[PDB]
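This document opens with one chain alone, in structure tokens, the form deposited in one PDB entry.
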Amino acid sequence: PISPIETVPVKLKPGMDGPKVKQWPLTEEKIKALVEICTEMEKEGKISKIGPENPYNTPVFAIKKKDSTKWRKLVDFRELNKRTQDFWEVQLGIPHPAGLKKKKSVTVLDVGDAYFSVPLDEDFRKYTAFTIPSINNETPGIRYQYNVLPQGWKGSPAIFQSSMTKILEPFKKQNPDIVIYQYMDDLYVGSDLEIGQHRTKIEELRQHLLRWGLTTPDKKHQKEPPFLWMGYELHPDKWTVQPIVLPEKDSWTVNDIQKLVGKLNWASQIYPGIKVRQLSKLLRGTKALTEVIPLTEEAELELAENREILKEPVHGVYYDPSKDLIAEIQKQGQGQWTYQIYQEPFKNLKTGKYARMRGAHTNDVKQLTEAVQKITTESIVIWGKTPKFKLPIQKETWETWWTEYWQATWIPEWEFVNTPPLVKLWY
């Protein structure tokens, strides 16, 4: 009996064969990181070297821990997940509490460290194999495969779920109002206490975990505050609706009303009860464009009218847990981006906006990689599941730089879209 456990039999869906995803190539800097990081795991027994009989292979990267001193090995078990955890989303599902989104504040801790105690079923290992590349194909890759529930594979949480609850239970006791959600590598704790208390309640938790084996690095700083922002503190009771604003104008012109007719015109299939005709009638004319013009019969009526059915959300907008979530993002420029997370067209379960800062410090491919990790987490909280991003970037560019600013332990599903039309105006 290995000090920590005894393997939990793992079996991928029948007719399913292990992952075989190619390894993106990397920077020498990054190879060396991984090369060191792995020689460690290697030593600690965490992982071993594999032979040619292991045709399997999942990708790996190296990222900046928390803008820290050294690297982090980030495995993209996206494929092996679909192939397993989906039936461990069943055989061992981790239930998602619909109230956490309600808490006044959710802190997010990284428990990814506990897993490395639990040895992975002796037979499934072969699947968690990855390969650190080499520059200019001069050397055959380096091949390592796991021996402990690895971080990132949506199966460790499910296995460790057992032992978690147990570790937690005697805190979920003294603290029955706080909700604790486990999602892969992280714990999300919610509370309605004034922050000061919360923060403490969190550390009150952090030490509980700690004096019980688990180690949380989440110690962002100490007494000296180099204007460095404290732990992950979301506030979901402020996770409300975004603004779709028509403008109340001093003066209206053919053009203004022209565009205005458009916006409204397509909102049309978001809310099928918006009427323009009374407005679209003043443009039936072929008048100049800079020209100013006023109302119609029920124009003003229709403006403040549709101004209404607009401020009142839709219907048939219920979440389908059986379906998949979808996040569309659009650049707004000058640091602003917007997003919608639907399941079927125009039935938006939610929308928002992300904004970074001003020039000198940020580029597009940072805002997107963050707007992404933002929308992911709202999603994890709200529905207990990350979405599939319809990213407005050139596949290869993203493929090249996403790691460059990626901080999350998990990776969503994404695809690219070269066409966001009239949508930018609208939102």
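Whichever C-alpha set is largest while still superposing within 1.5 Å between the two forms counts as the rigid core. The first residue of the shown sequence is 1; numbering continues from there.
Q: Would you mind checking whether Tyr232 is unresolved in the model of at least a third of the other PDB entries compared?
A: That residue is present in all of the other compared entries.
Q: Mean Cα B factor from the PDB record: higher for 108-116, or higher for 352-360?
A: Comparing 108-116 with 352-360, the higher average CA B-factor belongs to 352-360.
Q: Going by the B-factors listed in the PDB entry, is the mean over the C-alpha atoms higher for 59-67 or for 368-376?
A: The stretch with the larger mean CA B-factor is 59-67.
Q: Among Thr84, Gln332, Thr253, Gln145, single out the one with the highest C-alpha B factor in the record, please.
A: Highest C-alpha B-factor among the listed residues goes to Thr253.
Q: Comparing recorded Cα B-factors across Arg206, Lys347, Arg72, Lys281, which one is largest?
A: Spelled out: the listed residue with the top C-alpha B-factor is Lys281.
Q: Name the third of the chain's ranked CA B-factors that contains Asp186, choosing lowest, middle or highest.
A: Lowest third.
Q: Considering every modelled residue of the chain and its Cα B-factor in the PDB entry, is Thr419 in the lowest, middle or highest third?
A: It falls in the top third of the chain.
Q: Quick check for you: using the entry's CA B-factors within this chain, is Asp76 in the lowest, middle or highest third?
A: It belongs to the lowest third of the chain when residues are ordered by C-alpha B-factor.
Q: Taking the C-alpha B-factors as the PDB entry records them, is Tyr127 in the lowest, middle or highest third of its chain?
A: Ranked within chain, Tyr127 CA B lands in the lowest tercile.
Q: By the record's CA B-factor, is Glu328 among the lowest, middle or highest third of residues in the chain?
A: It falls in the bottom third of the chain.
There is another form of the same protein, the form deposited in another entry; it is not shown, and what comes next is about it.
Q: Identify which of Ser156, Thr128, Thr107, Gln85 has its C-alpha displaced by 2 Å or more between the shown form and the other one once the rigid core is superposed.
A: Spelled out, the residue whose C-alpha shifts by 2 Å or more is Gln85.
Q: Is the shift of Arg356 between the shown form and the other one large enough to count as movement, that is, does its C-alpha move by 2 Å or more after the core is superposed?
A: Comparing the forms between the shown form and the other one, which are aligned on their rigid core, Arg356 does shift its C-alpha by 2 Å or more.
Q: Is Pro140 one of the residues whose Cα moves 2 Å or more between the shown form and the other one, with the core superposed?
A: Passes the 2 Å threshold, so yes.
Q: With both forms fitted on the core, give yes or no for whether the Cα of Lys66 moves by 2 angstroms or more between the shown form and the other one.
A: For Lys66, whose C-alpha is compared between the shown form and the other one after core superposition, the shift is 2 Å or more.
Q: Hey, the CA atoms of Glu89 and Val60 end up closer or farther in that other deposited form than in the shown form, with the change being 3 Å or more?
A: Those two alpha carbons end up farther apart in that other deposited form.
Q: Relative to what we see here, could you say if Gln85 and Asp185 have their Cα atoms closer or farther apart in that other deposited form, with a change of 3 Å or more?
A: Farther apart, by at least 3 Å.
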